[PDB]
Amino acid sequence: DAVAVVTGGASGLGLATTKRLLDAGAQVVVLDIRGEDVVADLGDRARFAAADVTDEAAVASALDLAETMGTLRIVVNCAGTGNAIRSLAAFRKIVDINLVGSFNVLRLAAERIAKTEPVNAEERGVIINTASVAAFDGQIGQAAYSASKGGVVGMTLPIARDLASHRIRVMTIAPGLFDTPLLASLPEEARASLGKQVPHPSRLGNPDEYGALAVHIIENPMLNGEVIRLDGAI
């Protein structure tokens, strides 16, 4: 194929990853809840599947679309929720989207990737998660972001070990402060101030830097069961 599914692929980290994957020659299904126009503009090697990652039936239909395009081998979980702004229902929503959704997509995708022929015939595929944190202290919902981050981190090695016999690697990127629309509710000088708190480089991460790491992980067969912090040492 090779086909990738990128959740949250129509913006931020997901979009940057989608573009890097297209550049690398893969086809991509953008699994997201909006941004059909953005994905249309990328051309017909990227396709849009409308799906909430917490909805099993919706995810399954997006994987079906990927299968029509070629051989499914790659997943990148970049779906997130909640703008950074200065409720048990709110806690639950963040955990459901960032943690449960990532598991849903990982498990359903793994089932299909496991059925493919390996490509020296060593690998069937690679699943990459995103472990996301709160942007700042006293950020609303910090405990939920820390919980869903910890959950994604915690499942990385155990799932890698369970999928080893299927030749599917499982990795996680833990980004720091990145320039995405999730920061767009803060005023500009606030975002600039956040960037300057990062030790080095003292700025916001560019989503392309996340996308570049994701591609490196896909291209490096020895990276498995690991979390990689991508955060300027913050």
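Numbering starts at 1 and runs along the sequence shown.
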Taking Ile140 and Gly141 as adjacent modelled residues, how many residues of the deposited sequence between them have no coordinates (none, 1 to 3, 4 to 9, 10 or more)?
none
Which fits the stretch between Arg86 and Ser87: none, 1 to 3, 4 to 9, or 10 or more deposited residues lacking coordinates?
4 to 9
Assert higher mean C-alpha B factor (167-175 or 22-30, deposited values) equals 22-30
Mind pulling up the entry and telling me whether 70-78 or 129-137 has the higher mean Cα temperature factor?
129-137
Whose C-alpha has the highest temperature factor in the PDB entry: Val119, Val95, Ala160, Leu106?
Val119
State the tercile, meaning the lowest, middle or highest third, of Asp64 with respect to the CA B-factors recorded for its chain.
middle
Third assignment of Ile228 from its chain's C-alpha B-factors:
lowest
For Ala90, the third of its chain into which the C-alpha B factor falls
highest
Quick tally, chain-level thirds of C-alpha B-factors: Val5 sits in the lowest
